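J.:
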Amino acid sequence: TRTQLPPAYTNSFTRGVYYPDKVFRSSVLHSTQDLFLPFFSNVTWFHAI
Amino acid sequence: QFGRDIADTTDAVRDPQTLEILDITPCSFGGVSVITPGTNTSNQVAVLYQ
Numbered sequence: 020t021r022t023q024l025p026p027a028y029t030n031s032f033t034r035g036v037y038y039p040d041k042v043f044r045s046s047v048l049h050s051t052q053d054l055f056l057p058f059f060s061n062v063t064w065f066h067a068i
Numbered sequence: 564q565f566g567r568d569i570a571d572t573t574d575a576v577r578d579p580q581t582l583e584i585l586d587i588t589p590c591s592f593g594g595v596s597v598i599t600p601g602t603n604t605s606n607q608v609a610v611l612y613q
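Sequence order for the protein chains is C and B.
Letter 42 of the first sequence, counting from 1, is numbered 61 in the deposited numbering, and no numbers are missing.
Letter 32 of the second sequence, counting from 1, is numbered 595 in the deposited numbering, and no numbers are missing.
1) Quick one, are the C-beta atoms of C/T63 and C/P25 less than 7 angstroms apart?
2) When you compare each of C/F59, C/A67, C/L56 and C/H49 to B/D568 by their alpha carbons, which one comes out closest?
3) State the CB to CB distance for the pair B/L582 and B/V576, rounded to an integer number of angstroms; the pair is presumed to be in contact (CB under 8 angstroms).
4) Compute the Euclidean distance between the alpha carbons of C/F59 and C/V36, then round it to the nearest angstrom.
5) Looking at the structure shown, is B/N603 part of a helix, part of a strand, or coil, going by DSSP?
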């Protein structure tokens, strides 16, 4: 009795913004090249209620 | 741990033993200049620091 509903697609709101490394930066705009999440992307919403 | 400012260079470092921020300032500033009023005149020279 596991009525699994079809997954839905939703949109994020600026998520996945962490620090690049252990370097303290203040009053300086530095750009890195790691693994982040694109803004306004499309993800999947899974329910569990 | 480390710390860099707007100049994109390490200026402050955290002490990994006593937990204290310390600023790094090398002792390499200025040079030495020579002042000579003339060889045929006299032989007294002057030292100038920047």
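Backbone N, C-alpha and C define an ideal beta-carbon position, used for all residues, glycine too.
T.: Quick look at the numbers:
1) Your numbering for residue 63 of chain C matches position 44 in the first sequence. Your numbering for residue 25 of chain C matches position 6 in the first sequence. In this structure, C/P25 does not lie closer than 7 angstroms to C/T63 by Cβ.
2) Looking up residue 568 of chain B in the second sequence gives position 5. Closest by alpha carbon: C/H49.
3) The residue given as residue 582 of chain B occupies position 19 in the second sequence. The residue given as residue 576 of chain B occupies position 13 in the second sequence. Not really, about 12 angstroms apart at Cβ, beyond 8 angstroms.
4) For this step, residue 59 of chain C is matched to residue 40 along the first sequence. For this step, residue 36 of chain C is matched to residue 17 along the first sequence. When only Cα atoms are considered, C/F59 and C/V36 end up about 13 angstroms apart.
5) Translated into the one-based positions of the second sequence, residue 603 of chain B becomes position 40. Note: B/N603 maps to coil in three-state DSSP.
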